[PDB]
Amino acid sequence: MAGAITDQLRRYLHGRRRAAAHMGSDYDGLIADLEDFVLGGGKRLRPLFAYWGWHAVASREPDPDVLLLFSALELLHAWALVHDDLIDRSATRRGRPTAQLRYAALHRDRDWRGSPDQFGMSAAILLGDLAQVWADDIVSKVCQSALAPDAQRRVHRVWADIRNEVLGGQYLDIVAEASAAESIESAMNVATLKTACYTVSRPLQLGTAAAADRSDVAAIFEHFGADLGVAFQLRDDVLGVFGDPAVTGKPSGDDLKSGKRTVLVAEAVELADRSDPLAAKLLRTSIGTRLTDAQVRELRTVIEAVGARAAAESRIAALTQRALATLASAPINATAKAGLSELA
């Protein structure tokens, strides 16, 4: 359960914090801020996928130290979110201020010298760096103490892949926005790395790798995550354009305001080339620019006008059905087929 996975990470963070007390109260406040960020909210979706990858292949429920290994994905996710807020220059995340604004406010509260925003950015870099090195220390610690050497090697390869692919997905995304990549292929490649592999496939394989040597199941979870991950992305693309702010927690047409290069936006350009070339020109010359609220509503209606919203929904229903068809015929326990079908 997510609660048992979070409590394992809570105790670990407490232990690392006590061991670092000799470095002063200022660094202790940064560690406490890391605790408040990781534990103070989240769905725990990635450790749950790792839990089912373990159940799909194993019989005994994982040891408590293995749940700590699954929680490392949550601490690793904090590193990604903290650095992503600097990359996106976001001021808030899920209603709470981002790291660079919390430490800039601390700078002003203490009447410190220099640029508060520069201190906030520097501290946010270090905050994300700490979440990464500590999330990795979990994997190294749990592997040496709780896993047979062959499970250690299988776990490390997944750990090396999930961090290499989330960094590649991040760099591919900023290059795609800077280069104005229109193609569905460019947006799909980012979604495969940032969403399919990072959220679904690699977490699933992390639990399977720790359980036993089942290359057949790991290769199947990759195809299962390739469909469910993209279906998750297209759902977010629709919510990012048409979602009600009372459900998404984000402004109306946020993806259009922020200028994301999404699959939905990319497919709207392709469908518009075939139905109204002037609507494709309206999309091309407006994506990623400073858009008023009226421009955003017009683009939202154009996206649904060319059938991009309906094309996305059918693409979601198809991928979700195939992912469940892949899950029903898998050589795994019927308990994981149920749990993973629930999440899907």
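Note that residue numbering begins at 1 and tracks the sequence as displayed.
The mean C-alpha temperature factor is higher for 218 to 226 when 194 to 202 and 218 to 226 are set side by side. Looking at 327 to 335 and 7 to 15 together, the entry lists the larger mean B-factor for 327 to 335, computed on C-alpha atoms. For the set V241, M121, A246, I162, the maximum C-alpha B-factor listed in the entry falls on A246.
The PDB entry assigns the greatest CA B-factor among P47, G29, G307, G288 to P47.
When the CA B factors of the chain's modelled residues are split into thirds, the value for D276 lands in the middle one. Among the modelled residues of its chain, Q144 has a C-alpha B-factor that falls in the highest third, as given in the PDB entry. When all modelled residues of the chain are sorted by CA temperature factor, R300 is found within the lowest third. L39: CA B factor lies in the highest third for its chain, per the PDB record.
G114: CA B factor in the lowest third of modelled residues in this chain (values from the PDB entry).
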